[PDB]
Number of protein chains: 2
Amino acid sequence: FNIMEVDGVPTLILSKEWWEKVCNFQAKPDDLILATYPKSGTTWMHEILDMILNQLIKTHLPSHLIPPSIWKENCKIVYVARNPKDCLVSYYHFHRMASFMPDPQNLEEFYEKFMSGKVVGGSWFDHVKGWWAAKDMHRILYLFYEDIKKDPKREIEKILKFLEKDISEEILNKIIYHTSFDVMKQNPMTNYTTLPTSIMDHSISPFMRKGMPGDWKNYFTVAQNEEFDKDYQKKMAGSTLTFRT
Amino acid sequence: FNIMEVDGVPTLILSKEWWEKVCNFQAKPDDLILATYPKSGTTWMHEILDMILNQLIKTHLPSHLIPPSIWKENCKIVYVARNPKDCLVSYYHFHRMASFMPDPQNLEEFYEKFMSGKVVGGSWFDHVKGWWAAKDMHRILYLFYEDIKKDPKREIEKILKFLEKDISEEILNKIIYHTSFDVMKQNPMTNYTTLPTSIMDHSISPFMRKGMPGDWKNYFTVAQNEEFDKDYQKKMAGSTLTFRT
Ligand SMILES: Nc1ncnc2c1ncn2[C@@H]1O[C@H](COP(=O)(O)O)[C@@H](OP(=O)(O)O)[C@H]1O
Ligand SMILES: Nc1ncnc2c1ncn2[C@@H]1O[C@H](COP(=O)(O)O)[C@@H](OP(=O)(O)O)[C@H]1O
């Protein structure tokens, strides 16, 4: 059914049990929360932050489960959304490689489940929409996986403004260079290669898979797609939320 | 390489050898030529004519190989085109069942070949374009597989006008009913079931496969498709030729 991915080393926590543990989490103002739907840019965005700095709390929770401490102590929250199609496809190939995960079966089979939101991490729909609703009320930066690919400088530009932090021009690119998909894929300290293949086999699918927006186009039949649109446009009626693909 | 499909019982004739044999074919005016690219509505259109009447010459030849006799004797030529995507998909699943045919291999592999026109029956592109250029110079009725599905009455309406022939309203629908895909599929006299499975196995793919326009959408990845369009738009620059899909 429905749990959530966590990381002492990647594993499944029952959302509730996990929420009970975090329920009354206390937050120092300097703390920096980073939230994302799974396979929506996390490991990437993280290393972008970790770069900018060198306390970062990584959380795949929906907005309505963030410990109030954070709201109260107006913590800086970076949030990253990624278009659903790509997020779906990335998340699919993931189930198809991570042993921790349930069997994805067919790609048509997975879809039905994904749109129903009946997959590890809740509904991507409910997830992204909550956060967007929150960007109105909180110290949240809302970023889009695609816009980063589009303009890494133009994006990190923003992050800095948000953090009051101010880097070099060389130190700047030093970051951009590393947080390119090419460099990061060949990087054992992020690429999750240095892992049990019983846990994650890259010979099936590598965590750092393709990392191109628009890749979904390589898997979604013109039918499955025109299906995805109709179902999407429904769940997103009213939303001011908008994606490049 | 490149031959053509014929029918004492369906078989491969080397296009040239076959054209040499037909080169100086003599044509009585009353004769009715029906031409089509393969898997573009032939067996359907045939039975429509056979119906309307009960001499019909069935030919899968390109316009520039029709024996001049026919031109000279201004014969009535019904021509049927079917949109390429569908035509491709239909023709693909066909190779994948008809033993007479070469191996289609992958569906991506087949595509390359189809667009290159390097498949049994020549280039669908060169085929339909020639016939369209001819509709300007000859007693040719140019029909579209899709328009038929769209409005069989509204289509057969035309055929009659073209033939001067004039049927009943009941005799009319009697025809429409039979030349529906549903009726025809369960019909041994057209459905090619009554055949050697060494020649054609329906347990793989039935000649009367789906018979819905828009079916291709069930096979062509949003990439393969956006690929097909770009390549198509090229070969069809200038053409006034146009398809529903
Ligand atoms: N530096 C980078 N630039 C672009 N995409 C990256 C990246 N690092 C990781 N990704 C992509 O992030 C996705 C996993 O997201 P998360 O970090 O949220 O689990 C993968 O998508 P693909 O599966 O499309 O390749 C991966 O390729
Ligand atoms: N009465 C009918 N109405 C619609 N389509 C028909 C039909 N009879 C045959 N077809 C379709 O004609 C195609 C074969 O064409 P041809 O007669 O030129 O070989 C098949 O397409 P599919 O493979 O898309 O099902 C078949 O389904």
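Heads up, residue numbers simply count up from 1 along the chain you see.
Per the header of the entry, the method used was X-ray crystallography, 3.2 Å.
Positions of Cβ are set from backbone N, Cα and C atoms, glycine also.
Residues or ranges marked as 3'-phosphoadenylyl sulfate binding site in Swiss-Prot: A:39-44, A:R82, A:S90, A:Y145, A:179-184, A:207-211. The substrate binding site feature in Swiss-Prot is assigned to A:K58, A:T59, A:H60. Among the features that Swiss-Prot reports, active site, proton acceptor is placed at A:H60, with the record citing similarity to another entry.
Take the CB of A:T179 (3'-phosphoadenylyl sulfate binding site) and look out to 10 A: across all protein chains shown you find 22 other CB atoms. One thing to note is that 40 residues go unmodelled from A:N54 to A:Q55, and the Cα atoms at each side are 11 Å apart. A Cβ distance below 6 Å to any atom of ligand 1 is met, among the binding-site residues A:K39, A:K58, A:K210, by A:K39, A:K210. Taking the centroid of the Cβ atoms of A:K58, A:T59, A:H60 as the substrate site, the other same-chain residues with Cβ within 8 Å of it are A:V6, A:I33, A:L34, A:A35, A:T36, A:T42, A:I57, A:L61. Counting Cβ atoms from all protein chains shown, A:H60 (substrate binding site) has 22 others lying within 10 Å of its own Cβ.
Working note on the binding-site residues A:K39, A:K58, A:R82, A:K210: by count of other C-beta atoms within 10 Å of each C-beta, A:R82 ranks first.
With a cut-off of 8 Å between CB atoms and residues at least 6 apart in sequence, the same chain places A:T43, A:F94, A:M97, A:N191, A:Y192, A:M200 near A:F207 (3'-phosphoadenylyl sulfate binding site), listed in sequence order. All chains included, 21 other C-beta atoms sit within 10 angstroms of the C-beta of A:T42 (3'-phosphoadenylyl sulfate binding site). In the three-state DSSP classification, A:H60 (substrate binding site) falls within coil.
Around A:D182 (3'-phosphoadenylyl sulfate binding site), no same-chain residue six or more apart in sequence has its CB under 8 Å from its CB. In this structure the alpha carbons, written CA, of A:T179 (3'-phosphoadenylyl sulfate binding site) and A:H60 (substrate binding site) are 21 Å apart. Only A:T42, of the binding-site residues A:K39, A:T42, A:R82, A:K210, have a C-alpha within 10 angstroms of the C-alpha of A:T59 (substrate binding site).
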